[PDB]
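In what follows, a single structure is set out as C-alpha cells and then discussed.
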Amino acid sequence: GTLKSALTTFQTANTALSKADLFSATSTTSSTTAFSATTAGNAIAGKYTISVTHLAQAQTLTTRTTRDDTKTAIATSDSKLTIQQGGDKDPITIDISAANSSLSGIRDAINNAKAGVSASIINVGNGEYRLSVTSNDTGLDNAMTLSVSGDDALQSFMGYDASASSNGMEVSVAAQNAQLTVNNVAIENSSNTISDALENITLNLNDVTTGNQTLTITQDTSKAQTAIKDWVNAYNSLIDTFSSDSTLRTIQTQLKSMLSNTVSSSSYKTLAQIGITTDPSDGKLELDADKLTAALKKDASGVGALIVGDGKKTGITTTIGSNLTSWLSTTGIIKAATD
Amino acid sequence: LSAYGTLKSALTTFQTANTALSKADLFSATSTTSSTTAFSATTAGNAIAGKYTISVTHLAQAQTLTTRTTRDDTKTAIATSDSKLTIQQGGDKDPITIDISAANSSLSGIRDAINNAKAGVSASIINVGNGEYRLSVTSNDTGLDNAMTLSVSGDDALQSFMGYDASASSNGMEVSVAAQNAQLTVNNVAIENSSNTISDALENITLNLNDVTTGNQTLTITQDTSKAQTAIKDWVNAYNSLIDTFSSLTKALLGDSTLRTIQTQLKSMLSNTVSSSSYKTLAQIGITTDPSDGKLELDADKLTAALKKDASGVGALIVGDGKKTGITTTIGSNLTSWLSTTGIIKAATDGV
Amino acid sequence: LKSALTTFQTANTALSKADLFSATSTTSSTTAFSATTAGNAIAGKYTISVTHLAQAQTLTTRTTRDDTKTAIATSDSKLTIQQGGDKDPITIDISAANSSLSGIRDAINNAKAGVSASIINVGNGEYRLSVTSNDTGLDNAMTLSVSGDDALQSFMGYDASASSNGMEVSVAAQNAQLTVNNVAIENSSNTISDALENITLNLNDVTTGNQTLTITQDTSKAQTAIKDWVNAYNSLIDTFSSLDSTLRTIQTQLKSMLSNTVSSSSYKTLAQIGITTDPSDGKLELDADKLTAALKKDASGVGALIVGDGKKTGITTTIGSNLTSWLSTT
Amino acid sequence: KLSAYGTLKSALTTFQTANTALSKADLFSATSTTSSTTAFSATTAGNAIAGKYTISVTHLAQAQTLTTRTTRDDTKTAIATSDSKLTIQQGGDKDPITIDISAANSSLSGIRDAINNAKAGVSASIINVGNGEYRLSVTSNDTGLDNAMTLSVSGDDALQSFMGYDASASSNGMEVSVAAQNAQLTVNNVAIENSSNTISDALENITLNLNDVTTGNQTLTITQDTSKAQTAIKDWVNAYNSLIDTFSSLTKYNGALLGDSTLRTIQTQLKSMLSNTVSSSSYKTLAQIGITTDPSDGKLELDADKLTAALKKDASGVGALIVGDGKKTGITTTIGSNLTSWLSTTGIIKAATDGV
Amino acid sequence: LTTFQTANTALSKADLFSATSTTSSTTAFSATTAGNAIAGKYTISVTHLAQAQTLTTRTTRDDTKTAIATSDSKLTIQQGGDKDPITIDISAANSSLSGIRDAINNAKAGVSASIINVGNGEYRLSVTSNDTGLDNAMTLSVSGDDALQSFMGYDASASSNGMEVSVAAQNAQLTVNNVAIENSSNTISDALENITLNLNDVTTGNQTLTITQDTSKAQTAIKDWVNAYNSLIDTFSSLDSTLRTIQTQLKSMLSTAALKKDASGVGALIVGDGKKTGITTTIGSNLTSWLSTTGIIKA
Amino acid sequence: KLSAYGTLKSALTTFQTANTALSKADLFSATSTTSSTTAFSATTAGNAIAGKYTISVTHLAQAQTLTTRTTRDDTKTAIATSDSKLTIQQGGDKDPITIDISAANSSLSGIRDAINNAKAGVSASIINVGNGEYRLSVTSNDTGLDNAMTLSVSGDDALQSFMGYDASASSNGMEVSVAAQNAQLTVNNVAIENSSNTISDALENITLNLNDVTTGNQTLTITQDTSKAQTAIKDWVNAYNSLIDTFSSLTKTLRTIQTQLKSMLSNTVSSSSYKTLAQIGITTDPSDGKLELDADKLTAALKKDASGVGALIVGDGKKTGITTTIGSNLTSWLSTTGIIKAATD
C-alpha cells in the first residue's frame with residue numbers, strides 16, 4: 001500500500017529523464033538586448049552573426065473622424081461588416097444591427113466575432129471618440145480590409161481598402177514584416193518571435209540592431225546531468241522503501257534486471273560506462289559526476305541512445321516507463337494485490 | 001456542537017479562497033513595462049496586449065493665479081464692505097459663490113474663506129520677502145477646463161486686487177502658471193487630456209505621465225497568468241485543507257448527515273464539471289483528483305500551459321458567466337446557502 | 001488595571017493629533033533643494049528655481065598681527081556690534097589687557113551677540129581676526145565700532161557708509177532668491193519656513209534647468225496610529241477579562257463612548273470607517289482596506305470623527321479627558 | 001579487532017588519497033594567467049613559461065557556410081528525378097565522403113537528413129527565408145580554411161546545379177555565405193595562423209581562447225602559482241597527522257591493536273621514510289622546505305611562510321623532493337608504493353584481517 | 001557600578017554639546033572638526049600643495065662602501081624657521097654613502113637620508129626634510145674635507161652646489177572664504193580654529209567645505225547613559241546599608257528639540273563646569289569615591 | 001603527573017610562538033603604501049622613508065626573445081647530422097653555459113629539452129606557426145639589456161645556420177622577436193634605469209612593481225603603519241595571560257618558570273626613552289601577574305616613537321630586549337637539557 005508512493009515518485013523522475021531533447025540540449029548567449037533566443041533539441045552549435053533592420057508590426061486602422069459619444073448609432077440601417085485579412089484567410093462577416101451601430105456596439109460586435117482582430121475606442125480628448133482596429137498578429141499578411149454593406153454612413157466612417165480612392169479609416173500603424181540577416185542570409189518574417197525560420201531555434205526580436213552582433217549556441221549537458229542525478233536518487237529512495245510478498249519481489253527483481261541487462265545502439269551499452277555503478281549487495285546505483293560529464297562531453301547523443309533510445313520500444317527509461325505504467329494501471333499487478 | 005463551529009470555519013475559509021478565484025479579470029490579467037521613467041502604466045482586466053509607441057509633448061498643468069500687488073500684512077482687511085467672491089471653473093461646472101464679510105477681508109480671511117468653501121481650488125498666502133504678502137489661488141486639478149474666473153461684487157478694492165477674467169482688459173491677478181492639457185500620441189494617435197493620470201483615453205489602461213518624452217519610447221502590455229495561477233493554487237490548497245477537516249471530524253461527527261451532504265456535493269460539483277470553453281474538466285487544465293479522500297493535486301507546469309494557450313478558455317471553466325455557470329459560481333452559491341441563517345449548518349448547531 | 005489604562009492612554013494620545021489627518025510627503029527632482037511639510041500643506045507640483053543662496057556676512061581685518069597675545073589697544077574701550085533689521089545693539093567692554101586678538105575673540109564670543117569671532121593664521125606668523133554673522137541674510141550684516149581707543153577702532157571697525165574701514169568684507173551678506181511657481185521670493189535664510197505655508201524648504205545649491213518639488217497626500221501615518229489604538233484598546237479589554245464597581249464603570253463608559261459617537265463630518269460612527277464593535281466582548285475589529293478607502297476619500301473627515309476640535313469634541317478627545325480623570329490623584 | 005583493523009585501513013586510505021593528490025608534478029610548474037582584454041583569455045597546464053606575452057589578433061577563425069543561391073516552394077518535393085551521389089570533400093588531406101541520395105529522398109528534407117546522418121564533418125539545415133521559400137545551408141562543423149568544402153553531385157544535373165560548390169568552378173549552385181577563415185594572431189611578434197579560436201597546439205602548455213579582434217597593445221601574463229602546491233602540501237601534512245592520531249587511539253588501553261606488529265611496522269616505516277628523505281635537488285629534507293617533525297609522536301608541523309619562500313625560490317626543486325621521478329624516487333612516490341603494498345590483497349593488513 | 005561609570009564618563013565630555021560634522025564638495029580636500037567649530041559654508045580654493053624639499057647629489061658613485069673624504073669632518077644641517085642647527089661628526093672611515101646615510105639618520109635632525117641606485121652600478125645620496133614646507137628646507141655644509149663639501153653641500157645662495165634640488169620645498173597655498181592662507185603642511189590644523197583641514201590635491205572651480213551642527217553624537221551619549229542607569233536599577237532590584245545608600249543618592253542627584261534650540265544649554269546641565277558642577281560631574285565624583293580603595297565598596 | 005608536565009610544556013610552546021612573532025624589529029618600522037595608478041604599485045619592508053614620491057615611467061623592461069627565421073616540417077627530425085655544442089652567453093659578466101647536443105637529439109624537441117634542462121637562465125619553446133610549420137623560440141628568463149643572449153653552435157654548420165644569434169654577426173639564423181630593454185623611470189625627479197620591472201634594488205627598503213607606462217603626474221605614498229606591531233603585542237599579551245591560566249589550573253619546576261617570567265616583565269630595561277612596560281600601556285595585576293593591555297595608550301606611544309617602543313620589546317635581538325631574554329629562557333626550558341625535559345625523567 002505505502003509502496004505505491006515510492007513507485008510514483010520514481011515514475012516522475014523517470015518520465016523527466018525520458019526526454020530526448022535533454023541529450024541535444026544547447027544554451028544561448030546574445031551580444032545585445034536587441035534580440036534573444038531559446039533553443040529546443042538538436043540545435044546546431046556555433047556563432048551566428050545577426051543583423052536586424054526592421055521589426056514586424058501589426059496593422060492598426062483608426063477612424064479619420066471622431067464622434068461626440070459612444071452610445072449613439074452611426075447607421076440608420078442594419079448592415080454587415082466584413083473583415084478580410086490577407087494570406088489566403090477566409091473572410092469573416094459580422095451582422096451589425098442599426099441599434100448596435102454605436103462605437104460601443106461596433107466594438108463589442110467585432111471583438112465577440114473572434115475574427116483575428118481587436119477593436120477598441122479611443123477618447124482623443126474634448127469628448128471625442130475614435131474607433132481603432134488592430135490585427136491580433138503582426139505581419140503584412142495580417143493587414144486588413146474592412147467593408148460594410150447596408151449603410152453608406154457606416155461604410156464611409158469605418159471602411160478600409162488599400163486600393164480604394166477614399167477610406168474612412170486611416171493607417172495609424174503600417175503592417176510590416178521583420179527583416180533580418182542570419183549569417184549573411186536574408187530572412188523575412190511575419191513575427192518578432194521567429195521559430196519557423198531557423199531550425200530548432202526560437203529567435204526573439206526586441207529592437208533594430210546596430211553594428212556587428214552575434215547569437216551563440218553552445219552544447220549544454222547540465223540539464224541532462226540534473227535529470228540523471230534526480231533519477232538515480234529517486235531509484236535509491238525506492239530501494240530504501242523496499243528495504244523498509246511476491247508483488248514487491250517481482251517489481252524489485254525486474255527493475256534490478258532492467259538496469260543490469262541493457263541494450264543500446266550507441267558505444268555506451270551499460271550504466272557504468274557513463275559513470276553510474278551498481279553496488280552488488282543492495283542494488284542501489286552510485287553516480288560518479290566526473291565520469292558522467294566526460295561521457296556527455298564526448299558523445300552526449302550516444303549517452304542519450306542508452307538512457308532514452310527510440311522512446312517507443314528501446315531505451316532504459318522507455319522500458320522502465322512501460323513497466324511502471326503497467327504496474328500502476330487499473331489492471332496491473334499492484335491493483336490486484338490491493339483487491 | 002464545537003465540531004459544527006469548526007466545520008463552519010473550514011467552510012468559510014474555503015469560501016474566501018473561492019471568492020478570490022471567482023474574478024474574471026484574473027483570466028485577462030496583463031502586466032506592463034515601460035522604456036522610460038517618463039511614463040508608466042497599470043492595467044485592469046481585458047487590456048489589449050502589444051507594443052504601444054508613446055510620445056509625450058506636454059504635461060497637464062493646473063492654473064495658478066497670483067495677486068499682482070502685495071500687502072504689508074495678513075490681518076488687515078482689504079475691503080471696507082461685505083462682498084461675494086464667485087469662483088467659476090470651466091467645463092460646464094456650476095459656479096461657487098462665497099460670502100466674504102469686511103472683517104474677513106484680510107489675506108488670512110480670504111484664504112480660509114476660499115479653502116473652507118471646498119470649491120475645487122486652493123488658496124494660499126506667499127511671503128515674497130520684505131514683509132510683503134501675495135495671495136495665490138490654484139485649481140485643485142490640472143487642465144484647461146479647470147482654469148478659473150474670479151470675480152467679486154460688493155467692494156471695488158477687493159475686485160481690483162483679486163479678480164481674474166481672461167477676457168478682461170485689466171485684472172488684479174496674474175497668471176503664474178497657465179492651465180494646460182496633457183498632450184501625447186499613442187501609436188500615432190493624437191490624444192489630449194485634462195490629467196497626467198489618464199485612465200479614460202485608452203481602454204482598461206491607466207497611463208501615468210511623469211515627464212515629456214524624448215526619442216522613440218514604448219509601453220508594452222503582456223499577458224500575465226501569474227495572478228490566475230496563485231488564485232488557483234490557493235483554492236486547491238484551501239479545499240485540500242477542508243478535506244482534512246472532514247477527515248478529522250469523520251474518523252466526532254462520524255456520519256452527521258450534514259457533513260456528509262456537504263462533502264458529497266462538493267466532490268460531485270468538481271467531478272461533474274462542464275464549460276463553454278474546450279476545458280470541460282479540472283483535469284484538462286492540470287488538476288487531478290485523489291480517488292479515495294477526494295483531494296485535488298495541482299500540476300503547476302500543466303496549468304501554466306493551458307493558461308498560456310487559452311487563458312480566457314480556462315476562465316470559462318472556473319468562472320463562467322459568474323451568475324449561473326462556472327465552478328466557483330456554483331460552489332459559491334452552495335457555500336452561501338450552507339452558511340446562511342436558513343441553511344443546514346445553523347440547522348445542525350441550533351439543534352444543539 | 002493601571003498598566004492596562006496607561007498603556008492605552010499613550011496610544012490614545014498618539015492618535016489625538018490633527019496633523020495625522022492632513023499629512024503629506026515630498027519629493028524633489030534635485031539635490032539642489034529638499035522640503036519637509038507639516039500639517040495642511042497643499043498637494044501639487046511646485047516648479048522651483050533657485051538663483052542665489054543666502055550668505056552670512058564675514059568681515060576680516062585688513063591688516064595682520066605678529067601674535068595673538070599682545071594688546072592692540074592701550075586704553076579700555078567698548079566694542080558695539082549692531083546688526084540690521086530693527087535689532088538692538090550689543091556693547092561689549094574690552095579692557096586694554098584683553099585687547100589682544102585672543103581677548104577680542106573671547107570677548108565677542110562670550111557676549112552671545114549673534115556673531116562669531118575667530119582668528120585666522122594666514123601664514124608666516126601672521127594673524128587676522130574674522131567676524132561672521134551667525135545667521136545668513138542682508139538684515140544680519142554688521143556694523144562694528146569701538147570707542148575708547150583709536151588704534152582698535154582703526155584695526156577692527158566696520159561701517160559700510162564709512163570712508164575708511166579697518167575691516168574688509170570677505171563674504172558679502174546676501175539673501176536667498178528663488179521662484180516657486182513663477183512667484184519671485186526673497187529670503188534671509190536657506191531654511192525657508194516662513195514663505196510658503198506649512199512647508200519648510202531647504203536650499204542646498206543654485207538650480208539649473210526646470211526643477212520641481214512635489215507634495216503628495218500621505219495616510220499611512222494615520223493608519224498606523226489607528227491600528228495601534230485599536231490594538232491597545234483590545235489589550236485593555238483582555239486585562240478587564242483577566243481581572244468590581246470601579247472596573248465596571250471604566251469598562252462600561254469606554255464601551256458607551258465608542259458606541260455613542262458624535263461628529264461634524266460625514267463619518268458619524270466607527271463602522272463607517274471600518275472599525276466594527278464586537279457585541280460579545282466590546283472588542284474592535286479592524287478592516288485595513290475599508291479604512292484606507294475612507295481616508296483616501298476624505299482624510300480630514302475621518303479626522304473630524306477621531307480628533308474633532310481637540311478640546312471638547314472627538315473620540316480621542318473625550319476618551320483622553322476620561323482617562324486623565326480616572327488616573328488623576330482625585 | 002576486525003574493526004580495529006578496519007579503522008586502520010580507513011585511516012591509511014584517507015592518507016593515501018592526500019598523498020596521491022600531492023604526487024602530481026604539475027603542482028610545481030603551476031601557473032596562473034591574466035589578460036588585459038576580454039578579446040582573449042588563456043589557461044595553462046603544467047610547465048608553461050612565465051612572462052608577459054604581447055598578443056595581437058587580426059582575424060578570428062570562421063567555419064565555411066554554403067547556401068543555395070536559389071530557393072524552393074517547399075521541403076517535401078524532390079529536386080532530382082534520378083538517384084544520385086553527393087560527395088563532400090573537405091580540405092587538408094581528409095578523405096572524401098560519398099552519400100547516396102535516392103530520387104524520392106531528393107527533397108530539402110531528404111538531402112538534409114542524408115547529409116546529417118552521414119556524419120561527414122558538416123551540418124545541413126533548411127532556412128525559411130520568408131514568403132514560403134526555403135534554402136538549404138551547409139556548414140563545416142569546425143572552423144578554418146582547411147575545413148572548407150567542395151560539394152558535387154553525380155547522377156542528376158538538376159541537383160548538381162542546385163547544390164554543388166567548387167571554388168574553382170565557373171558557375172556554382174551554392175553561394176559562400178560565410179567564408180572559411182583561419183585565426184590570425186601574433187604572439188610576441190611571431191605570426192601564427194590557426195584553424196581554431198581555441199588554440200592549444202601553437203604555444204606550448206598554453207590554451208589560448210580567442211573571443212574578438214584586438215585593438216592596440218594587449219598582453220597575456222603567465223605567472224608562477226605556488227598556491228596549488230601549498231594546499232596539496234597542507235592537506236598531506238594534515239592527513240598524516242590524523243593518521244598518527246588514529247595510531248595513538250588504536251594502541252593506548254579503540255585500543256585493541258596495542259602491541260600489533262602490523263600497526264608498529266607501518267608507523268615505524270612511515271616515520272623512517274619522512275626522516276630519511278633523499279633528493280636530486282638542493283632540497284634534501286622536509287625541514288629544508290618548512291616542515292619539522294615532533295620527535296616523540298612524529299606529527300609534522302608545517303611553517304607556511306617558510307614553505308612559500310622555498311617554493312618562490314625554486315618550486316621545481318621542492319618538487320624534486322616531494323615527487324621526484326614519480327616511479328622510483330620522491331617522498332610521495334615511495335610512500336605511495338608502501339601504502340599500495342600494505343592495502344593490497346597480498347599486503348600486510350589483509351593477512352592480519354584474514355588471520356582474525 | 002563600573003559599567004555605569006563608563007557610560008557616565010563617556011557622557012561627561014563638553015565637546016559632545018558643541019559637536020559638528022563636515023562635508024566637502026571634492027576629493028581635493030576633506031576636514032575634521034573638534035569642539036566649538038563655527039557652522040557654515042566655507043568656500044575653499046587650493047592653488048598649491050605643500051612639498052618637502054629633497055636634495056640629491058649631482059654626481060654618482062661607483063659603490064656605497066668607499067670613503068669620499070680623506071679627513072674627519074663635520075656635517076651641519078640647518079633648516080629654516082628659527083630652528084637651531086644640528087652638527088654631525090663624520091669620520092673619514094664613515095665617509096661612505098652608507099656611513100653618511102646612517103650618520104644623518106641616527107642624528108634625528110629632522111631630515112632623512114637615503115641612497116638611490118640610479119642604474120649601471122651608480123649611486124646617489126638623497127636627503128629629504130621630514131616635514132613639508134618652505135621653512136623646513138635645508139642648508140647642508142661640511143667643514144673638514146673639501147671633497148665631501150664639494151659632493152654633498154647645498155646652500156641656495158651659493159654659486160656652485162654639490163647637491164641639486166630634486167623636489168622644491170613649497171608651502172600649501174589656499175584661500176578660505178576669500179582669505180589667503182599659506183601653510184607648511186597639507187594637514188592644516190593651526191590656520192582655522194577647531195578645524196583640521198586635509199589637503200589632497202589642487203582644486204578647480206568653486207568648491208566648498210560645510211560645517212554643520214551634530215547633535216547626533218550627544219543624543220547617542222545621552223541614550224547610552226539612560227540605558228546604563230536603567231540597567232543598574234535592574235541590578236539593584238535583582239539584589240545591606242551600602243546598596244541602599246548608593247541607590248538613594250543616585251536617585252536624589254538626578255532629582256532633539258532641546259538640543260536643536262540650545263545645545264550648549266543642555267550641555268550646561270549634563271556636563272557643567274566639569275570640575276564641581278553638572279550631573280555627570282557629581283555622579284562621576286560619587287562613583288569614583290564608591291569604587292575607590294577607601295570607598296563604601298571596598299569596605 | 002605525566003600528562004600534567006605535558007600541559008606545562010603545551011602552554012609554554014604556544015606562548016613561545018607569540019613571543020617569536022613579536023620579536024621582529026620590522027614590526028616597529030612598518031609602513032603601508034598607496035598608489036595613484038594601476039600603472040605601478042609598491043610594497044615596503046622595514047625602515048622605509050615616509051612621504052609622497054612622484055613617479056614617472058617612460059619605458060618598461062623587456063626580456064629578449066630570439067626566434068628561428070626559418071621553419072620546420074616537424075619536431076622529431078634531426079637538424080644536425082653531427083654531434084655539436086650549443087653555447088649560451090648572456091651579458092653582464094655572466095659565465096657562458098655550454099650544452100652538448102648529440103645528432104639524434106638535434107630535433108626541435110631535443111634542442112628544446114636540452115636547453116631547458118640545462119637551467120642556463122633562458123627558456124626554449126616550440127611555436128607551431130601554422131600549416132604544419134614549427135619555429136624554435138628562446139627567451140631570457142629575466143628582463144633587461146644585460147640578460148640578452150648570444151647563441152652559437154660548434155660542430156654542425158646546419159644547426160649553427162638555423163639557431164645561432166650574435167648581434168655583431170653579418171648573418172644570423174635567429175631573429176630578434178622581442179628586443180631586450182631596460183625599465184626607465186624617475187622617482188622624485190631622479191632618473192633611474194633598471195633591468196627589471198620588479199625593482200627592489202633602486203630605492204631602499206621598497207619594492208616597486210612596474211605594470212605600465214605612466215601618463216601625467218602620479219604618486220606613490222608611503223605612510224607609517226603601527227597596526228602590525230599592535231597585533232603582535234595584543235597576541236603576545238593574550239598568549240601570556242593564557243599561560244598564567246594554565247599555571248593556575250596546575251596549582252589551584254613550574255614555580256621557577258612562573259617566578260622568572262614575572263620578574264623578567266617586571267624588572268624591565270631599555271636603550272630607548274621607554275624603560276617600563278607600564279610606560280607603553282601594558283599594565284600588570286598585583287594578584288596573579290596578568291597583563292592588561294590598554295590599546296589607546298599603546299597606539300599613542302607607537303605613534304610618538306615606534307622605534308623607541310621597539311627598543312624595549314625587541315632590543316638588539318641578541319642579548320637585550322624583553323622578547324629576546326624571554327625567548328632565550330623559553331628555548332632553554334624547552335630544550336633537551338632543560339628544566340622541562342628533566343622533571344619528566
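Ordering of the C-alpha cells sets the chain letters (A, B, ...); residue numbers start at 1 within each chain; ligands are numbered from 1 in the order shown.
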Can you pull out every residue from stretch 29-89 of chain F that DSSP, working from the backbone, puts in strand (DSSP E), and format the result as a PyMOL selection string? chain F and resi 31-35+40-44+51-59+65-68+84-89
Give me the residues within 12 Å of residue A:254 as a list in words, counting only C-alpha atoms and dropping any in the same chain fewer than 3 places off.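 Listed by chain and then number, they are residues 246, 247, 248, 249, 250, 251, 257, 258, 259, 260, 261, 283, 319, 320, 323, 324 and 327 of chain A.
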Taking only C-alpha atoms into account, report as a PDB file with N, CA, C and O atoms, in the first residue's frame which residues of chain D lie within 7 Å of chain A.
ATOM      1  N   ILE D 126      17.861  23.727 -43.103  1.00  0.00           N
ATOM      2  CA  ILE D 126      16.971  24.396 -44.024  1.00  0.00           C
ATOM      3  C   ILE D 126      16.597  25.732 -43.435  1.00  0.00           C
ATOM      4  O   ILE D 126      16.231  25.820 -42.268  1.00  0.00           O
ATOM      5  N   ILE D 127      16.686  26.778 -44.243  1.00  0.00           N
ATOM      6  CA  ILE D 127      16.310  28.107 -43.803  1.00  0.00           C
ATOM      7  C   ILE D 127      15.104  28.591 -44.570  1.00  0.00           C
ATOM      8  O   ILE D 127      15.111  28.664 -45.799  1.00  0.00           O
ATOM      9  N   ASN D 128      14.059  28.916 -43.821  1.00  0.00           N
ATOM     10  CA  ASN D 128      12.871  29.526 -44.377  1.00  0.00           C
ATOM     11  C   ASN D 128      13.084  31.035 -44.453  1.00  0.00           C
ATOM     12  O   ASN D 128      12.967  31.735 -43.450  1.00  0.00           O
ATOM     13  N   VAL D 129      13.400  31.527 -45.648  1.00  0.00           N
ATOM     14  CA  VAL D 129      13.821  32.926 -45.829  1.00  0.00           C
ATOM     15  C   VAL D 129      12.627  33.878 -45.955  1.00  0.00           C
ATOM     16  O   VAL D 129      12.783  35.087 -46.157  1.00  0.00           O
ATOM     17  N   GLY D 130      11.438  33.315 -45.850  1.00  0.00           N
ATOM     18  CA  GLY D 130      10.224  34.091 -45.976  1.00  0.00           C
ATOM     19  C   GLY D 130       9.432  33.859 -47.248  1.00  0.00           C
ATOM     20  O   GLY D 130       9.979  33.480 -48.277  1.00  0.00           O
ATOM     21  N   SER D 177      28.182  31.955 -48.020  1.00  0.00           N
ATOM     22  CA  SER D 177      27.530  32.844 -47.067  1.00  0.00           C
ATOM     23  C   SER D 177      28.498  33.345 -46.037  1.00  0.00           C
ATOM     24  O   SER D 177      28.540  34.531 -45.761  1.00  0.00           O
ATOM     25  N   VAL D 178      29.222  32.413 -45.412  1.00  0.00           N
ATOM     26  CA  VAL D 178      30.374  32.715 -44.548  1.00  0.00           C
ATOM     27  C   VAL D 178      31.636  32.065 -45.137  1.00  0.00           C
ATOM     28  O   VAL D 178      31.673  30.859 -45.420  1.00  0.00           O
TER      29      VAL D 178
END
Tell me, counting only C-alpha atoms, for each residue of chain B within 8 Å of chain A, which pair of atoms is nearest and how far apart they are in Å to one decimal, in rows ordered by chain and increasing number, as a tab-separated table.
residue	atom	partner	partner_atom	distance
B:48	CA	A:118	CA	7.9
B:187	CA	A:173	CA	6.7
B:188	CA	A:172	CA	5.7
B:189	CA	A:172	CA	6.9
B:190	CA	A:124	CA	6.5
B:191	CA	A:124	CA	4.2
B:192	CA	A:125	CA	4.7
B:193	CA	A:125	CA	5.5
B:200	CA	A:123	CA	6.8
B:201	CA	A:123	CA	4.4
B:202	CA	A:122	CA	5.5
B:203	CA	A:121	CA	7.0
Please provide the set of residues having any atom within 8 Å of stretch 161-177 of chain E, restricted to only C-alpha atoms, with same-chain residues fewer than 4 positions apart removed, written as an MDAnalysis selection string. (chainID C and resid 170:171) or (chainID E and resid 42:59 132:134 136:137 149:155 181:186) or (chainID F and resid 188:190)
Write out as a PyMOL selection string all residues of stretch 65-249 of chain E that backbone DSSP assigns to helix (DSSP H, G or I). chain E and resi 92-94+97-107+134-136+146-152+216-238+241-249
Report the closest atom pair, with its distance in Å rounded to one decimal, for each residue of chain B that has an atom no farther than 6 Å from chain C; count only C-alpha atoms, sort by chain and then rising residue number, and write it as JSON lines.
{"residue": "B:126", "atom": "CA", "partner": "C:196", "partner_atom": "CA", "distance": 5.4}
{"residue": "B:127", "atom": "CA", "partner": "C:195", "partner_atom": "CA", "distance": 4.4}
{"residue": "B:128", "atom": "CA", "partner": "C:185", "partner_atom": "CA", "distance": 4.3}
{"residue": "B:129", "atom": "CA", "partner": "C:186", "partner_atom": "CA", "distance": 4.8}
{"residue": "B:176", "atom": "CA", "partner": "C:182", "partner_atom": "CA", "distance": 5.4}
Extract, using only C-alpha atoms, all DNA, RNA and protein residues at most 7 Å from residue C:102, discarding same-chain residues fewer than 4 positions from it, and format them as a PyMOL selection string. chain C and resi 68-69+106
Can you write just those residues out, C-alpha atoms, as a compact mmCIF listing (two decimals), in the first residue's frame?
# COMPACT_ATOMS: atom_id res chain seq x y z
CA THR C 68 47.57 86.69 19.38
CA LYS C 69 48.68 87.61 22.94
CA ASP C 106 36.73 85.54 23.55
Which polymer residues have any atom within 9 Å of an atom of residue E:279, counting only C-alpha atoms, with same-chain residues fewer than 3 positions away left out, as a list in words? residues 12, 253, 254, 269, 270, 271, 272, 282, 283 and 284 of chain E
Give me the residues near residue B:162 as a list in words, where near means some atom within 8 Å (using only C-alpha atoms) and where sequence neighbours in that chain fewer than 2 positions away do not count.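 Surrounding residues, per the criterion: residues 67, 150, 151, 152, 158, 159, 160, 164, 171, 172 and 173 of chain B.
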So which residues touch residue E:5 within 9 Å, counting only C-alpha atoms, skipping near sequence neighbours fewer than 2 positions away, as a PyMOL selection string? chain E and resi 1-3+7-10+228+283-284+287-288
Just-selected residues, C-alpha atoms written as a PDB file, in the first residue's frame:
ATOM      1  CA  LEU E   1      28.504  50.267  39.036  1.00  0.00           C
ATOM      2  CA  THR E   2      31.655  50.146  36.884  1.00  0.00           C
ATOM      3  CA  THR E   3      29.678  49.517  33.668  1.00  0.00           C
ATOM      4  CA  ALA E   7      28.697  55.334  30.295  1.00  0.00           C
ATOM      5  CA  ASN E   8      28.850  58.317  32.661  1.00  0.00           C
ATOM      6  CA  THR E   9      32.472  59.111  31.733  1.00  0.00           C
ATOM      7  CA  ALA E  10      31.518  58.918  28.054  1.00  0.00           C
ATOM      8  CA  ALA E 228      23.144  52.085  31.510  1.00  0.00           C
ATOM      9  CA  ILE E 283      27.750  61.429  39.686  1.00  0.00           C
ATOM     10  CA  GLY E 284      31.282  60.795  38.402  1.00  0.00           C
ATOM     11  CA  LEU E 287      31.128  56.715  41.541  1.00  0.00           C
ATOM     12  CA  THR E 288      34.914  57.190  41.812  1.00  0.00           C
TER      13      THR E 288
END
Residue with smallest distance to chain E - pool F:202, F:99, F:78, F:66, counting only C-alpha atoms: F:202
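Interface residues of chain F facing chain E, defined by any atom at most 9 Å away and using only C-alpha atoms, are residues 49, 50, 51, 52, 188, 189, 190, 191, 192, 193, 194, 195, 201, 202, 203 and 204 of chain F.
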Specify as a list in words all residues of chain F found within 6 Å of chain D, counting only C-alpha atoms. residues 127, 128, 129, 130 and 177 of chain F
